[PDB]
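First up is the structure itself, then whatever we jot down about it.
In the entry's author numbering, the protein residues as written are 1 to 25.
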(Lines of atoms letter the chains of each structure in order from A and count residues from 1; the text may use other names and numbers.)
(Lines give C-alpha, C1' and ligand atoms only; values in the text may rest on other atoms or scores of the structure.)
Protein backbone atom coordinates (compact mmCIF):
# COMPACT_ATOMS: atom_id res chain seq x y z
CA UNK A 1 0.00 0.00 0.00
CA UNK A 2 0.97 3.66 -0.33
CA UNK A 3 -2.22 5.65 -0.85
CA UNK A 4 -2.96 4.95 2.82
CA UNK A 5 -6.52 4.47 1.59
CA UNK A 6 -6.87 8.21 2.23
CA UNK A 7 -7.36 7.10 5.83
CA UNK A 8 -9.94 4.46 5.04
CA UNK A 9 -13.34 5.78 4.14
CA UNK A 10 -14.93 6.38 7.37
CA UNK A 11 -12.90 3.56 8.51
CA UNK A 12 -15.74 1.39 7.65
CA UNK A 13 -17.57 4.34 9.12
CA UNK A 14 -14.56 6.07 10.94
CA UNK A 15 -13.47 2.75 12.56
CA UNK A 16 -14.60 -0.76 12.55
CA UNK A 17 -17.38 1.55 11.45
CA UNK A 18 -16.73 4.67 13.80
CA UNK A 19 -15.32 2.67 16.50
CA UNK A 20 -17.84 0.38 15.07
CA UNK A 21 -20.00 3.40 14.58
CA UNK A 22 -19.14 4.75 17.72
CA UNK A 23 -20.11 1.05 18.19
CA UNK A 24 -16.62 -0.10 18.76
CA UNK A 25 -16.77 3.11 20.25
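Note that CB positions come from ideal geometry on N, CA and C, so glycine has one too.
Do residue j and residue i come within 7 Å of each other at the CB atom, strictly closer than that value?
i          : j          : result
residue 24 : residue 15 : yes
Please tell me whether residue i has its Cβ less than 7 Å away from any Cβ of chain C.
i         : result
residue 6 : Annotation note: the requested chain C is absent from the structure, which comprises a single protein chain.
What residues in its chain sit with their C-beta under 8 Å from that of residue i, if we drop five residues either side in the sequence?
i          : result
residue 13 : 20 and 21
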